[PDB]
Structure formats: C-alpha cells, structure tokens
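Only one chain is included here, represented as structure tokens and corresponding to the form deposited in one PDB entry.
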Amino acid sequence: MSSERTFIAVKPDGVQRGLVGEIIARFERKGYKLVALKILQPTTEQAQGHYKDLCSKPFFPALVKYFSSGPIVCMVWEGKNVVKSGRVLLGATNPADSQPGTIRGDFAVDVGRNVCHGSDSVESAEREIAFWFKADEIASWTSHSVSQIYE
C-alpha cells in the first residue's frame, strides 16, 4: 500500500506561471516522497503518446500542440493513497468546480489552462510513469520521517 506511486505533471502554463515549487511543496508537506523528477519540452510524438486515449477527439491536435508548446515538469510521488491524495490536492479538473485550498482552486480558471495533471487511478499511474520515465530514473530511498507519517 505505501509503495503506491502517482504521476504528476506541471503543464506548460503551470511552468510559465512559476508554480512548480508551490506544487512540489504541497506534496512534500502532505508527507509524500519524491522519487522522479525532470523538466522537458514534450515533442509532438511525446504529446500524442501521452494523450493516446484522446487521439480520436476533434480537439486532439490542439491539445497536442499546446502540451508540446513549452516545458512541463514530470514527477513521481510515492506513498500510501498517493493517487487519490494527489487528485484531491490538485482539485477538480475543471477549475470552475475546484475548491480553494487545492492547486486548481487557488491558481486556475480555465480547463485548458488548469496548471497540473495527476494520474486518475493506480492503473493509469503505472502507465504514465513508465511512459515518461525509464526504470533507472526512479530513485529508491527511505524517508527519515516515514514512521511519523505512516502507521
């Protein structure tokens, strides 16, 4: 259960608006363990592969273009319930519905500029992590605080 991992990505607008550190700090304060991190501008092919499930949609080309338009920050977080906690920390995908206190609630207005992405399930997270990161990019370490955060 505490081996669970989620994928979080700061989208190009989140990077442009200087929100990378804020997002990372919110996960660290929550007690989650950072195990992979990188910044990169997705290529068209990376953006297409990430949005594979949407490749039949009319807005797919626009999405792909936007997602590959500048750098994103890719992250993997580890810990008990991290997939669900990650979605709760980010807030509702549509910022009009997000609560203050969450990342979208505090910072975002439009669904197309919603700052960050997080995995929607453990199964999606496994796919996302392996898509963006090679095995040798994932750090294996133990937090000195683990017995303070987890039963």
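Rigid core here is just the name for the largest C-alpha set that superposes within 1.5 Å across the two forms. Counting begins at 1, following the sequence as shown.
Which is higher on average in the deposited entry, the C-alpha temperature factors of 119 to 127 or of 101 to 109? It is 119 to 127 that shows the higher mean C-alpha B-factor.
As stated in the PDB record, which stretch has the larger average Cα B-factor, 10 to 18 or 135 to 143? The stretch with the larger mean CA B-factor is 135 to 143.
Per the PDB entry, maximal CA B factor within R29, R87, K52, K33: Each of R29, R87, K52, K33 was compared by C-alpha B-factor; the highest is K52.
Please place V83 in the lowest, middle or highest third of its chain by C-alpha B factor as given in the entry. Lowest third of the chain for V83's C-alpha B-factor.
From this point on, the text means the form deposited in another entry, which you will not see here.
Core-superposed comparison between the shown form and the other one: the option from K57, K30, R113, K84 whose CA moves 2 angstroms or more: Single residue meeting the criterion: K57.
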